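*Asks:* Task: produce atomic coordinates for the following.
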Amino acid sequence: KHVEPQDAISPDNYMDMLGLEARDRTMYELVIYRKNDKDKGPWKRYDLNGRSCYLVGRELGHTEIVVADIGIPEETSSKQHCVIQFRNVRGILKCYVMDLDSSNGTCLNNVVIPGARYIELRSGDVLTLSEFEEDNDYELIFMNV
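*Replies:* Numbering: from 1, shown residues only. Dropping the coordinates below:
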């Protein structure tokens, strides 16, 4: 149900406008961990700099068509579950999640977020793809650099 806000911008484009060389820029990523084995490292890492918005959704993949930028092998997640959205909010780069009215819900640090509304993200914030912890096999954590 998602269309980008008028102030949407990618971190790369934002940082370009300020004239910062790559070494002097804030890098954003989504670090994914498998809940059972976090003492083995990140399952996956996604760069979040090239785009202003990223679709998170189910990707089981043993015949199902791929739609989501970021695919999570979680049966209980929706195919278009939540979106990570960067905005230039009156001069400061800010990142938000929105739950796209998914069946099971989305949690930020184990607290259910309301649907159809942008919730501001902070570095370290742990996204999980259900209201209920038992349903979750993966943790998607938003990081600055």
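*Asks:* Over to residue 36. Which of the three states is it?
*Replies:* Put simply, residue 36 is helix when judged by DSSP: H, G, I helix; E, B strand; the rest coil.
*Asks:* How many residues are close by it?
*Replies:* Neighbourhood size, residue 36 [other Cβ atoms under 10 Å]: 9. Heads up, the C-betas are built off the backbone N, CA and C, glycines and all.
*Asks:* Look up how far residue 23 lies from it.
*Replies:* According to Cβ to Cβ, to the nearest Å, residue 36 and residue 23 sit 36 Å apart.
*Asks:* With residue 96 instead?
*Replies:* 27 Å.
*Asks:* cool, and residue 69?
*Replies:* Separation of residue 69 from residue 23 (Cβ to Cβ): 26 Å.
*Asks:* Compare these two and say which is more crowded by neighbours.
*Replies:* Neighbour comparison, residue 69 and residue 23: the larger count goes to residue 69, with 16 against 5 (by other Cβ under 10 Å).
*Asks:* got the contact list for that one?
*Replies:* Contacts here follow Cβ atoms under 8 Å, 6 or more residues apart in numbering; on that basis residue 69 touches 46, 51, 54-56.
*Asks:* any residues touching stretch 75-84, and which ones?
*Replies:* Contacts with stretch 75-84, where a contact means Cβ under 8 Å, 6+ apart, come from 2, 30, 48, 53-58, 60, 64, 67-68, 70, 72, 95-100, 102-104, 106, 121, 127, 129-130, 135-136, 142.
*Asks:* What of stretch 9-17?
*Replies:* 25-28, 48-52, 86-88, 93.
*Asks:* Could you give the number of residues near residue 20?
*Replies:* Neighbourhood size, residue 20 [other Cβ under 10 Å]: 12.
*Asks:* With residue 103 instead?
*Replies:* With other Cβ under 10 Å as criterion, residue 103 counts 10.
*Asks:* before we move on, what SS does the spatially most central residue of the chain have?
*Replies:* Nearest residue to the geometric centre of the chain (Cα atoms, centre = their mean): residue 84, 4.3 Å. Put simply, residue 84 is strand when judged by three-state DSSP.
*Asks:* Quickly list what it is bridged to.
*Replies:* On the basis of DSSP bridges, residue 84 is bridged to residue 54, residue 97.
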